(Lines of atoms letter the chains of each structure in order from A and count residues from 1; the text may use other names and numbers.)
(Lines give C-alpha, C1' and ligand atoms only; values in the text may rest on other atoms or scores of the structure.)
Protein backbone atom coordinates (compact mmCIF):
# COMPACT_ATOMS: atom_id res chain seq x y z
CA UNK A 1 0.00 0.00 0.00
CA UNK A 2 1.37 3.36 -1.06
CA UNK A 3 0.49 7.06 -0.56
CA UNK A 4 0.95 9.46 -3.50
CA UNK A 5 1.93 12.46 -1.29
CA UNK A 6 1.62 15.05 -4.09
CA UNK A 7 -1.00 14.90 -6.91
CA UNK A 8 -3.02 17.53 -8.88
CA UNK A 9 -6.24 15.48 -9.35
CA UNK A 10 -7.76 19.06 -9.25
CA UNK A 11 -6.30 19.64 -12.80
CA UNK A 12 -8.62 20.21 -15.87
CA UNK A 13 -6.67 17.29 -17.47
CA UNK A 14 -8.81 14.87 -15.29
CA UNK A 15 -12.16 16.62 -16.00
CA UNK A 16 -13.33 13.74 -18.32
CA UNK A 17 -12.18 10.65 -16.36
CA UNK A 18 -11.14 11.47 -12.75
CA UNK A 19 -13.28 8.56 -11.29
CA UNK A 20 -11.47 6.04 -13.54
CA UNK A 21 -8.00 7.60 -12.81
CA UNK A 22 -8.71 7.28 -9.00
CA UNK A 23 -10.01 3.67 -9.40
CA UNK A 24 -6.81 2.69 -11.35
CA UNK A 25 -4.65 4.12 -8.52
CA UNK A 26 -6.72 2.35 -5.77
CA UNK A 27 -6.61 -0.96 -7.78
CA UNK A 28 -2.73 -0.51 -7.99
CA UNK A 29 -2.35 -0.23 -4.11
CA UNK A 30 -2.43 3.60 -3.95
CA UNK A 31 -4.86 3.77 -0.98
CA UNK A 32 -4.44 7.55 -0.13
CA UNK A 33 -3.51 10.60 -2.18
CA UNK A 34 -2.76 14.19 -1.17
CA UNK A 35 -4.34 16.71 -3.54
CA UNK A 36 -2.37 19.95 -3.82
CA UNK A 37 -4.06 23.36 -4.33
CA UNK A 38 -1.81 26.37 -5.03
CA UNK A 39 -4.06 29.25 -6.24
CA UNK A 40 -7.75 30.25 -6.06
CA UNK A 41 -9.08 27.78 -8.73
CA UNK A 42 -6.95 24.75 -7.76
CA UNK A 43 -7.75 25.32 -4.03
CA UNK A 44 -11.53 25.40 -4.76
CA UNK A 45 -11.31 22.12 -6.80
CA UNK A 46 -9.08 20.51 -4.08
CA UNK A 47 -11.58 21.32 -1.32
CA UNK A 48 -14.39 19.72 -3.41
CA UNK A 49 -12.33 16.45 -3.99
CA UNK A 50 -11.42 15.96 -0.24
CA UNK A 51 -15.16 16.32 0.59
CA UNK A 52 -16.15 13.76 -2.13
CA UNK A 53 -13.49 11.00 -1.58
CA UNK A 54 -12.78 9.52 1.84
CA UNK A 55 -9.11 8.65 1.04
CA UNK A 56 -8.14 12.15 -0.40
CA UNK A 57 -6.45 14.76 1.85
CA UNK A 58 -5.68 18.40 0.98
CA UNK A 59 -2.46 20.45 0.92
CA UNK A 60 -3.28 24.13 0.20
CA UNK A 61 -1.10 27.20 -0.22
CA UNK A 62 0.18 29.58 -2.85
CA UNK A 63 2.50 28.72 -5.77
CA UNK A 64 5.60 30.95 -6.15
CA UNK A 65 4.89 31.42 -9.87
CA UNK A 66 1.51 33.02 -8.82
CA UNK A 67 3.05 34.96 -5.86
CA UNK A 68 2.02 38.39 -7.39
CA UNK A 69 -1.69 37.22 -7.19
CA UNK A 70 -1.47 36.48 -3.37
CA UNK A 71 -3.59 38.99 -1.38
CA UNK A 72 -4.29 39.48 2.33
CA UNK A 73 -7.79 38.00 1.57
CA UNK A 74 -6.23 34.79 0.11
CA UNK A 75 -4.03 34.33 3.27
CA UNK A 76 -7.14 34.62 5.64
CA UNK A 77 -9.02 32.28 3.25
CA UNK A 78 -6.30 29.58 3.42
CA UNK A 79 -6.14 29.86 7.28
CA UNK A 80 -9.97 29.25 7.51
CA UNK A 81 -9.90 26.34 4.94
CA UNK A 82 -6.99 24.68 6.88
CA UNK A 83 -9.43 24.11 9.83
CA UNK A 84 -10.94 21.26 7.60
CA UNK A 85 -9.85 18.01 9.30
CA UNK A 86 -8.50 16.61 5.95
CA UNK A 87 -6.36 19.72 5.22
CA UNK A 88 -3.07 18.26 6.47
CA UNK A 89 -0.33 20.54 5.08
CA UNK A 90 0.39 23.99 3.60
CA UNK A 91 1.90 24.33 0.11
CA UNK A 92 3.12 23.98 -2.51
CA UNK A 93 5.03 27.13 -1.58
CA UNK A 94 8.55 28.21 -2.29
CA UNK A 95 10.55 29.83 -5.14
CA UNK A 96 10.54 29.38 -8.93
CA UNK A 97 13.21 31.26 -11.04
CA UNK A 98 12.29 29.56 -14.36
CA UNK A 99 9.12 31.72 -14.99
CA UNK A 100 9.13 35.54 -14.70
CA UNK A 101 5.40 36.23 -13.91
CA UNK A 102 6.43 36.87 -10.25
CA UNK A 103 9.72 38.58 -9.29
CA UNK A 104 12.02 36.91 -6.67
CA UNK A 105 11.39 39.67 -4.00
CA UNK A 106 7.57 39.11 -4.12
CA UNK A 107 8.13 35.29 -4.18
CA UNK A 108 10.31 35.47 -1.02
CA UNK A 109 7.67 37.60 0.86
CA UNK A 110 4.78 35.20 -0.07
CA UNK A 111 7.03 32.26 0.92
CA UNK A 112 7.85 33.81 4.38
CA UNK A 113 4.10 34.66 4.94
CA UNK A 114 3.09 31.01 4.35
CA UNK A 115 5.79 29.68 6.72
CA UNK A 116 4.36 32.05 9.38
CA UNK A 117 0.82 30.76 8.58
CA UNK A 118 1.91 27.05 8.87
CA UNK A 119 3.46 27.79 12.32
CA UNK A 120 0.07 29.26 13.57
CA UNK A 121 -1.84 26.18 12.18
CA UNK A 122 0.91 23.74 13.43
CA UNK A 123 0.88 22.09 9.96
CA UNK A 124 3.89 20.90 7.92
CA UNK A 125 4.89 22.75 4.67
CA UNK A 126 5.35 21.40 1.09
CA UNK A 127 8.20 23.16 -0.81
CA UNK A 128 8.32 23.85 -4.54
CA UNK A 129 11.85 24.80 -5.61
CA UNK A 130 12.78 25.41 -9.24
CA UNK A 131 16.27 26.77 -10.03
CA UNK A 132 16.26 28.53 -6.59
CA UNK A 133 17.82 25.86 -4.30
CA UNK A 134 20.13 27.99 -2.10
CA UNK A 135 17.60 30.91 -1.82
CA UNK A 136 14.91 28.37 -0.59
CA UNK A 137 17.30 26.75 1.95
CA UNK A 138 18.29 30.20 3.30
CA UNK A 139 14.59 31.10 3.80
CA UNK A 140 13.70 27.75 5.52
CA UNK A 141 16.75 28.31 7.87
CA UNK A 142 16.01 32.05 8.56
CA UNK A 143 12.26 31.46 9.27
CA UNK A 144 13.00 28.42 11.54
CA UNK A 145 10.85 26.12 9.32
CA UNK A 146 12.31 23.15 11.35
CA UNK A 147 9.50 24.07 13.85
CA UNK A 148 6.76 22.92 11.36
CA UNK A 149 8.58 20.16 9.39
CA UNK A 150 7.76 19.44 5.76
CA UNK A 151 8.74 18.02 2.37
CA UNK A 152 11.17 19.22 -0.29
CA UNK A 153 8.83 18.04 -3.02
CA UNK A 154 10.35 16.28 -6.10
CA UNK A 155 13.83 17.18 -4.77
CA UNK A 156 16.72 17.45 -7.20
CA UNK A 157 19.81 18.88 -5.49
CA UNK A 158 23.21 17.59 -4.32
CA UNK A 159 23.51 15.11 -1.43
CA UNK A 160 25.13 18.03 0.54
CA UNK A 161 21.84 20.01 0.13
CA UNK A 162 19.88 16.75 0.92
CA UNK A 163 21.92 16.55 4.19
CA UNK A 164 20.95 20.19 5.17
CA UNK A 165 17.34 19.25 4.35
CA UNK A 166 17.16 16.04 6.44
CA UNK A 167 19.81 16.79 9.20
CA UNK A 168 19.44 20.58 9.88
CA UNK A 169 15.79 21.24 8.81
CA UNK A 170 14.60 17.63 9.70
CA UNK A 171 12.43 17.75 6.51
CA UNK A 172 11.49 14.75 4.34
CA UNK A 173 12.44 14.48 0.61
CA UNK A 174 9.81 13.22 -1.90
CA UNK A 175 10.82 11.63 -5.24
CA UNK A 176 8.64 11.36 -8.37
CA UNK A 177 8.86 10.27 -12.01
CA UNK A 178 12.35 11.86 -12.50
CA UNK A 179 13.90 9.07 -10.33
CA UNK A 180 12.96 6.72 -13.26
CA UNK A 181 14.61 8.77 -16.09
CA UNK A 182 17.75 7.01 -17.55
CA UNK A 183 20.11 10.07 -17.70
CA UNK A 184 18.60 11.76 -14.51
CA UNK A 185 21.82 11.21 -12.46
CA UNK A 186 20.97 13.64 -9.57
CA UNK A 187 17.57 12.10 -8.48
CA UNK A 188 19.02 8.47 -8.57
CA UNK A 189 21.99 9.74 -6.47
CA UNK A 190 19.52 11.47 -4.05
CA UNK A 191 17.49 8.20 -3.73
CA UNK A 192 20.70 6.12 -3.01
CA UNK A 193 22.16 8.78 -0.63
CA UNK A 194 19.06 9.70 1.52
CA UNK A 195 17.93 7.47 4.40
CA UNK A 196 14.82 5.40 3.73
CA UNK A 197 13.44 7.01 6.89
CA UNK A 198 13.44 10.47 5.17
CA UNK A 199 11.91 9.39 1.78
CA UNK A 200 8.36 9.85 0.40
CA UNK A 201 6.94 9.09 -3.07
CA UNK A 202 4.76 11.29 -5.30
CA UNK A 203 3.63 11.64 -8.96
CA UNK A 204 2.95 15.39 -9.26
CA UNK A 205 0.36 14.00 -11.78
CA UNK A 206 -0.57 15.05 -14.40
CA UNK A 207 3.08 16.23 -14.76
CA UNK A 208 6.37 14.28 -15.05
CA UNK A 209 4.98 10.82 -16.02
CA UNK A 210 7.73 8.21 -15.22
CA UNK A 211 9.46 5.91 -17.72
CA UNK A 212 8.07 4.19 -19.71
CA UNK A 213 5.27 6.84 -20.15
CA UNK A 214 7.44 9.98 -20.31
CA UNK A 215 5.59 12.76 -22.20
CA UNK A 216 2.15 11.18 -21.47
CA UNK A 217 -0.54 12.42 -19.00
CA UNK A 218 0.71 11.18 -15.56
CA UNK A 219 -1.67 9.63 -12.99
CA UNK A 220 -1.33 8.52 -9.35
CA UNK A 221 -1.26 4.76 -10.27
CA UNK A 222 2.26 5.43 -11.77
CA UNK A 223 3.60 6.13 -8.24
CA UNK A 224 4.18 2.34 -8.15
CA UNK A 225 6.99 2.82 -10.85
CA UNK A 226 8.66 5.47 -8.56
CA UNK A 227 8.51 3.09 -5.53
CA UNK A 228 9.90 0.17 -7.70
CA UNK A 229 12.85 2.35 -8.84
CA UNK A 230 13.64 3.39 -5.19
CA UNK A 231 13.50 -0.37 -4.22
CA UNK A 232 15.98 -1.13 -7.13
CA UNK A 233 18.35 1.79 -6.27
CA UNK A 234 18.52 1.04 -2.46
CA UNK A 235 18.58 -2.86 -2.68
CA UNK A 236 15.16 -3.13 -0.92
CA UNK A 237 11.94 -5.03 -1.75
CA UNK A 238 8.99 -3.04 -3.20
CA UNK A 239 7.12 -4.17 -0.03
CA UNK A 240 9.83 -2.44 2.16
CA UNK A 241 9.65 0.86 0.15
CA UNK A 242 5.75 0.83 0.34
CA UNK A 243 5.86 0.17 4.11
CA UNK A 244 8.57 2.79 4.93
CA UNK A 245 7.21 5.64 2.67
CA UNK A 246 3.75 4.99 4.30
CA UNK A 247 5.29 5.05 7.88
CA UNK A 248 7.01 8.35 6.96
CA UNK A 249 3.80 9.99 5.56
CA UNK A 250 1.77 8.93 8.63
CA UNK A 251 4.55 10.30 10.95
CA UNK A 252 4.78 13.73 9.18
CA UNK A 253 1.00 14.28 8.64
CA UNK A 254 -2.13 13.70 10.77
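Residue numbers count along the first chain shown, from 1.
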Stretch with higher mean Cα temperature factor, 48-56 vs 198-206, is 48-56
Between 213-221 and 182-190, which has the higher average C-alpha B-factor in the PDB entry? 182-190
Looking only at 107, 80, 174, 114, the Cα with the top B-factor belongs to 80
What third of the chain, by the recorded C-alpha B-factor, contains residue 254? highest
Which third of the chain holds residue 233 when residues are ordered by C-alpha B factor: lowest, middle or highest? highest
What third of its chain, lowest, middle or highest, does the C-alpha temperature factor of residue 145 fall into? highest
Is the Cα B-factor recorded for residue 7 in the lowest, middle or highest third of its chain? lowest
Among all modelled residues of this chain, ranked by Cα B factor, put residue 89 in the bottom, middle or top third, i.e. lowest, middle or highest. lowest
